[PDB]
Amino acid sequence: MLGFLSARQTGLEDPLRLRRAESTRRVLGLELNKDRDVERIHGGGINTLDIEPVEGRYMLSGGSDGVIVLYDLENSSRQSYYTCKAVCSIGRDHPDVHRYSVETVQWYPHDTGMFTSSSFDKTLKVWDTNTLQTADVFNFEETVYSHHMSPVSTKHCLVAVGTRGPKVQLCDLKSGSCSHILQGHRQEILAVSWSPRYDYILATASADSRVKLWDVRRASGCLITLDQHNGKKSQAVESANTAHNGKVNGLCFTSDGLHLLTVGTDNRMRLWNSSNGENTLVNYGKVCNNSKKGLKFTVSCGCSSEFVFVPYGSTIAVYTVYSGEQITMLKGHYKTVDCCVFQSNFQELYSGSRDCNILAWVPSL
Amino acid sequence: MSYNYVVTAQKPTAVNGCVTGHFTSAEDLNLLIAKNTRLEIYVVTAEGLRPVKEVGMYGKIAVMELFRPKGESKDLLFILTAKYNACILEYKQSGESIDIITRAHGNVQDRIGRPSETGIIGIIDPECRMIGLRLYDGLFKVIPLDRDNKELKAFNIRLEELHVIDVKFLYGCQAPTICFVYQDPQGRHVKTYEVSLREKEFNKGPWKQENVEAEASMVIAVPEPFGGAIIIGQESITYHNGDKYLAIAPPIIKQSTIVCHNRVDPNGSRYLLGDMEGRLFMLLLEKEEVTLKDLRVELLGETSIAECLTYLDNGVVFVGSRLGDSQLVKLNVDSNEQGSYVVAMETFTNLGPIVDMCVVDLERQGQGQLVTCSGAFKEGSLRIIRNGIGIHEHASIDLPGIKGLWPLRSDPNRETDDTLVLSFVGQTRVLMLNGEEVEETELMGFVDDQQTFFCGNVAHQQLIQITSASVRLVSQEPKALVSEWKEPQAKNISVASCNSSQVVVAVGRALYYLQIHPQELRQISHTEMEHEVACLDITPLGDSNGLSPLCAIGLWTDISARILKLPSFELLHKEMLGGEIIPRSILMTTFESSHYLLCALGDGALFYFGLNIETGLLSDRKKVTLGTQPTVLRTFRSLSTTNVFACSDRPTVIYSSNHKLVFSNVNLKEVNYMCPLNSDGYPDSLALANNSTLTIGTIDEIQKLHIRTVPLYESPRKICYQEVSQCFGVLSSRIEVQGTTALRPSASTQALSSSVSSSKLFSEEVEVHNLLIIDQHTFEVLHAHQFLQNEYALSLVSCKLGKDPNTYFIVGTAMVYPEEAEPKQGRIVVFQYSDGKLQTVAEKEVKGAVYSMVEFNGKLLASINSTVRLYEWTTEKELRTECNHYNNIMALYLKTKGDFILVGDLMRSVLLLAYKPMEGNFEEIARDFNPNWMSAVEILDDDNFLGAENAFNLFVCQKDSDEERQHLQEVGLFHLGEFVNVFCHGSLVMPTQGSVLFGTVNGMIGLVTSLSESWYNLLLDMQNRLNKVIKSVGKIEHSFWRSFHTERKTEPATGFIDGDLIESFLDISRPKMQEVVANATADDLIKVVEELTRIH
Amino acid sequence: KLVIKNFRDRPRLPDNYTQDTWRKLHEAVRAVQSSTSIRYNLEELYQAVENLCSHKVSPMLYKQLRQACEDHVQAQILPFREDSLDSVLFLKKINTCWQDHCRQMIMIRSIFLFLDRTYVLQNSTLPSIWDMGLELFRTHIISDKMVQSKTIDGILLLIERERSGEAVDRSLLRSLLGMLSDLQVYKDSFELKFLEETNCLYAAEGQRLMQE
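Sequence positions in this view are assigned from 1 along each chain in the order the sequence is written. Entry numbering can differ, and residues without coordinates are absent from the display. Lettering of chains starts at A and numbering of ligands starts at 1, both following the order in which they are written. Chains on display form part of a larger assembly; values are given for the displayed part and nothing beyond it. Heavy atoms from the whole structure form the basis of all side-chain values; hydrogens and water molecules are not counted. Residues with missing side-chain atoms are left out of burial classes, side-chain pairs and their counts.

You'll find chain C entered in the PDB entry as Cullin-4A, with Homo sapiens given as the organism. According to the PDB record, the title of this entry is "CRL4CSA-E2-Ub (state 2)".

Going by what the PDB entry lists, chain A is known as DNA excision repair protein ERCC-8 and is assigned to Homo sapiens. UniProt positions are given in the numbering used here, feature names are shortened, and annotations may be inferred rather than shown by experiment. As recorded by UniProt, the Pathway comment attached to chain A reads in full: "Protein modification; protein ubiquitination."

J.: Help me understand the interface of chain B and chain A, please; the structure alone is not making it clear to me.
T.: Where interface size is given, it is often the accessible area lost as the parts come together that is meant. Residues are treated as being in contact if the distance between any of their heavy atoms lies within 4.5 Å. Each partner contributes to the interface: chain B provides 59 residues, whereas chain A provides 45 residues. Summed over both partners, buried area is the accessible surface (1.4 Å probe) that two parts give up on being assembled. The contact between chain B and chain A buries some 4,600 Å² in all, and 53% of this surface belongs to carbon and sulfur atoms. A:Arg78 serves as the salt-bridge partner of B:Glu923, at 3.3 Å between the closest nitrogen and oxygen. Polar contacts here mean pairs of N or O atoms no more than 3.5 Å apart (in protein, one a potential hydrogen donor and the other a potential acceptor; neighbouring residues in sequence count only if both atoms are side-chain atoms). Linking chain B with chain A are 19 residue pairs in polar contact, by the criterion used here. Helix and strand definitions here come from DSSP, where helices need a minimum of 4 consecutive H or I residues and strands a minimum of 2 consecutive E residues; each element is numbered from the N-terminal end. Taken together, the elements giving at least two residues each to the side of chain B that touches chain A come down to β62 (715-722), β67 (791-799), β76 (891-897), β79 (921-924) and β80 (934-941) of chain B. Criterion for a salt bridge: a side-chain nitrogen of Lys or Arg within 4 Å of a carboxyl oxygen of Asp or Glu.

J.: Where do I start with helix α1 (residues 17-33) of chain C in this structure?
T.: Since one α-helical turn is 3.6 residues long, residues separated by three or four positions face the same way. Residues and elements named next belong to chain C. By this rule the span expected of a helix is its residue count minus one, scaled by 1.5 Å. The end-to-end C-alpha distance of α1, which contains 17 residues, comes to 24 Å, matching closely the 24 Å that a straight helix rising 1.5 Å per residue would cover. Where the residues of α1 are buried, they touch α2 (42-54), α3 (58-80) and α4 (87-111). A positive phi of about 65° marks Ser35, the residue just after α1.

J.: Before we go on, may I ask you to explain the sheet that holds strand β39 (residues 470-475) of chain B in this structure?
T.: One key point about sheets: their strands pair by backbone hydrogen bonds, in either a parallel or an antiparallel sense. Residues and elements named next belong to chain B. Any two strands are treated as partners once DSSP identifies two or more bridges connecting them. The antiparallel open sheet is built from 3 strands, whose spatial order is β38-β39-β40. The open sheet terminates on both sides in strands that have one partner only, identified here as β38 (465-466) and β40 (480-486). Judged from the 6 bridges that link them, β39 and β40 form a sheet pairing that is antiparallel. The partner of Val474 across the bridge, within β40, is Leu481.

J.: How should I be thinking about the packing of helix α7 (residues 145-163) of chain C against helix α9 (residues 185-210) of chain C in this particular structure?
T.: A packed helix pair is summarised by two numbers, namely the angle formed by the two axes and the spacing between the axes. Residue and element names in this part refer to chain C. Helix axes are fitted only over the stretch in contact, all axes being lines through C-alpha atoms; the angle between N-to-C directions runs from 0 to 180 degrees. α9 packs onto α7 with a crossing angle of 35° between their chain directions and a minimal axis gap of 11 Å. In the packing of α7 onto α9, the handedness of the crossing is right-handed. In this structure, α7 uses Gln148, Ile152, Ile155, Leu156, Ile159, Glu160 and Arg163 to contact α9, whose residues at the interface are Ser189, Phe190, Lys193, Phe194, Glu197, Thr198, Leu201 and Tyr202. Here the residues of the contact of α7 with α9 are counted per class, giving 8 nonpolar, 3 polar and 4 charged. The crossing is said to be left-handed when, going from far helix to near helix, the turn is anticlockwise and less than a right angle, and right-handed when the turn is clockwise. Nonpolar residues are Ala, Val, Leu, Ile, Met, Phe, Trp, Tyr, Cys and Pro. Charged residues are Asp, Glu, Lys and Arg, and all others, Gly as well, are polar.

J.: For this particular structure, what's the right way to read the pairing of strand β14 (residues 168-172) of chain A?
T.: The two faces of a sheet get side chains in turn, since along a regular strand they alternate between them. Residues and elements named next belong to chain A. Counting buried residues along β14, 5 of its 5 residues qualify, which places the element largely inside the surrounding structure. Throughout, exposure labels follow a simple rule: accessible area from a 1.4 Å probe, protein chains only, divided by the maximum for the residue type, with under 20% read as buried, over 50% as exposed, and the rest as partly exposed. Side-chain alternation along β14 places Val168, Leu170 and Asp172 on one buried face and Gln169 and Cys171 on a second face that is also buried. With 4 bridges joining them, strand β13 (residues 158-163) and β14 adopt antiparallel strand pairing. Directly across from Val159, in β14, lies its bridge partner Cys171. In textbook terms, the turn of a hairpin is the stretch between consecutive antiparallel strands, and for β13 and β14 this stretch comprises 4 residues. Judged from the 2 bridges that link them, β14 and strand β15 (residues 181-182) form a sheet pairing that is antiparallel. Paired with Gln169 across the two strands is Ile181, which belongs to β15.

Printed below as a string of structure tokens:
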């Protein structure tokens, strides 16, 4: 690596080159760390994690027992080994704790002061990071598998909420109105996601093997309805254009926002184009999943070749997004993995499982 | 909140882009050069270049291309700042005034997107309908131009190819056609599309994609007669047009990849190509009536390492170089007997990538003198930067024993000085200036056989001579005596100071004030001063017709400067200088209508008091030390202003810039005497004299950095000054190809003595590192010590460790092999230099690469890959570990102050590691938990740790004030705009506490200093007002330009003052100064900014 | 660097200038040492030193200066070699013999300022005309064992008087302890004895006063 240092020193290669090459090297050498720990606080499994977007310091986690821990990943100690102490926690003793499993906790974008969560108690609560008090609560008529806030929108603050009804809900964290709904799906909505690039493009995955991108400004259906064979087996859109063969329960736009990775219960990933819904035929091999709710997964940022970290049974699988190769298989858990989140700042990966653990993977050397 | 001041001593000199075209006007031929932020416009006259403007863009100029829309009389200019500010500059000259008016400006940054691997590529349609930018991978940002965009409302066109190597617009297509080379897992594939504005989306290309070489890395859109695009590569140059395909694999270009191209002919019959090695090819296209017959590549010769070259005319090719000197070469039609058609005409000095530099007080003065290791593989060299005012020596003469110089208008009719009067011990010689020819004459009336204290033209067409015996008045025609005032009691004259109409001579204790009258020396008055007179002057001041009413004197016993009114010799004022050293030369002079009495003590110390001409009241007693030997203050005129030249062992010029005197070194070993010699053959010269020679040469204008150059022809990496041995230690790193042989004679191969490191610890092209020992007078490599095979010397520090007195060169190396990614085996060699020999005193094999090292209170503090272990120098003379520290990602940079250690991690960005001596173990006082990729880090004060990250930014960590005290706080943030390679405490000048020079990769040498909070608030208000007043080149808001920017973070600049913006306050006319100071008076703030300008 | 040579070089600068000129200063140095008013005048002497520095005779001129001071300081030891004096009066004798050497050796510096700073300053081996004076005084007067003995025993004996409540010449002590410090023999010769004697007295006083 001294070659990269000298090249950067004499201005040959842009500093970008060393930065990205070193980030890729670190992610390729990713391994579990016994030189770091995250305190065990959840009675049941961990369903979700979301490192804060700005400064990458705090870290929420939605336990399956309704407790929302709020970790602190900065090594405030002096020793090489440390444990990420849990700063706060919405314990069961809290008056407004979630009665059932918390399956999505997300920071309010552009404002770390607040964060949101939602649970099978058919509620979505807007939590205040400082005083830990519900700022706003929206009660739905049915459960809430997954919700997501636009990480790019400075204009609106709508919140797609995929209930187990066929209708996507849009909740407004400004003056409350959950009236706006997006009709067109046929079964439960297991995973939604806003477009990181465009303000108003929402991609919603369902359990009927359909992935649709909605222009929420448009109030006459969806822009696109993803189709496996790119229209080869052309059929009108009444029972066709199925992005999978079984339930599709996970979405993750690539970091640039140009491609919409989807993973479904048919045991395949597919890197769909995000502008016209044309499958790009990246193989990815066979990816194992059997979960019956929102499967979380994330994609690396600031690396030469974009990696995707998909929960694969009880192991994290690391694929290269644009080539489909399998980099490795991080292997440290005791039950199925429910959510892995990438710490972009230092190329660290935190993967909550169903065994109440949150294993923090870090690079070697 | 910390407070700091960042100013640019040396403007950047790396040329990252240069274009040619008619920018100033239709018939012109400009050569724009895009130095990092400077935009140096030029005009290609028949010889050389005629610079016409130099505007500092508020941006890193990443793309520069000239385009001529339909209806424009002269080419516009498009500039894309690396922060993605796009502006269509237009030149517009209005008489003297030159203004780069901005036709249209806008920001073309997408909020989210991977910055492209190859970097920003910005291209323009040859018919000038759109400007194609490829900023982020996957997207292809197109800017329309057919509509009149006053904001450059670009629109993204999606690209289905995610890794585009290079993209160019094709020539002669009815629709704007791009022709790019992208990489997909099957290889690389040229491809084409038809951009279409109305559709805002590509279409099918005019000629479908094709396969290209595995390393096809460039595109050349050939002009209309041929069409198509050439595609250069590692080993092939494939020409494509869709149906034609002419591909060749010349053997010469296999040696080194081609990186820069340019079109010689407007029909593209011939093309230039330069490669990394520095060669300069010439691609020739043969035409058939048209089509293309065959391609040929010819090696024109060699030039600097060409980053971007252009063809101007008549073979004048400007080889703009980032690494070496931006050359300017002539393409001879025939060989130069070396097979090289290229002969370097000119050269532009370029402080290339400053890998590292050291401030040294060389020549033992009080003047800092940088020594940078600029350059790269072939252009590696040492640059020695030093302030000063150079001397263009026109004529040097051998004349030992000179003891005084004066100019004489030996002919009353002539205006210029035609005669120079030397004066030697106990005699005098007259020198006649008849053109450049100079012969000694005899001036009748001047006694040759006595020393002279003064002789010059005076009133009434007469000379004068004041020997050690008698003041003499000579009729200028026919050059015979008319009056000889002598001491009444026949004693030798001890002092004398004359002017146009007054002569005062101090014989011992007693004065005698003569007034010159036509053919009559009338002794008006006299007096008996108390103590023996030392020095005196009666220089006229104000507007008196050569009648000075004051006569400053300095006395021997009671060391004191006085001012005696004339002709009564009334003691208007007395001033005790103090000390045990007598005054030696006392001068009365004017500086921008501010009077001064510069009195110089005999020890070299100099005083200057603010003199009140009417009342003679010395105020503002200031002292400046300029040398050691006794000084001699002689006035001289330069460009309609009068300066003062302080002849000593350190010849120093004194001139007043903005009512503040400036004391500037003169680049000369010694100057005993001087005289302003305005001769016919040497108009407006200085006849500088020294012990052995007499020199003539015009002196320069106000100060500026003077850059020597010591070529090494091999890339240096580090530098250290070992004072005791009087030599620099430089870590060159040359390239070898095969055994192994050198590709060119480098300094390491041309050393007086050498030695190969025979080490038993461990048992294409490679780098064979060395440790050169450079003599610090001749700059001749005394000893070149070669390191082991496959060993990289990363660190070098000169120190004495432990208790022994010897001073050691210590190099931390790191073995490198291609198979591994991070090094594993390194060693810390301890060299000693003595008697022209370099012995290995110790050796300490380690378990990783030794990145950076710093002597720590006599204990060596290495940094093995991810650990910072503090070695100890045992009395047995082998380094012995004391304590380690492992909590790092990779410790690359170390800096120390007292016992604190600042560790610049690769990405965790700081660690204020403190050494507890009572316990013997490191203790992390604090850390900053931001992911700031570092480049170099330095310590200012106890709680100010400057750092420079790799996104072209600066930040200042301040130790705050429980566990949160372990967080270092970032208080200062400032987007410098350069990649800082090195910091080093010091300055280049003999208000701002602290001074930290820092190099860059572009050659900029900034200078960071701390400020008091009061001046910080004042200057911040000034900066905001100036932003509101000054109009920038691209209408780029300064607050945006300096906003601390990274791909993941963007914050406004704070705790930093843009030094250049403040200094621009000097160069703005008075009405706009009054605007800037609408709410303190303008002169006060001019004074403040002058006090700031003094630092660099 | 267009060198030019189109000259006629007739003259010769010095007649017998160095030998005669030094004898001018030699009287001036002799006159200054004996406090006799200088018949010649300093500017002529200073400018005379200037010219002799042009002829590169600075080394020999530096040496011949040494013989002047060397041969005067030695002339001052002999009055102190007579032991018809008590301790207190002796200290004023030697102290004046030091104050005069400072007043004189400043004067010899002023005349020879050019030689001191042009030639001697660069020649780091040689000491300045000032430190030259201290070296002469130290080795040829103060390094005298009998003078050093009866001197340090002088200063010590006054401090013991001062400790016992007497009033002593503080100014005289300040000059001598200034004199020793400038000559650098303060630490080796006087500090050890003073600390040694002081240890004794307060040690004796301590045990003496405890029971009282």
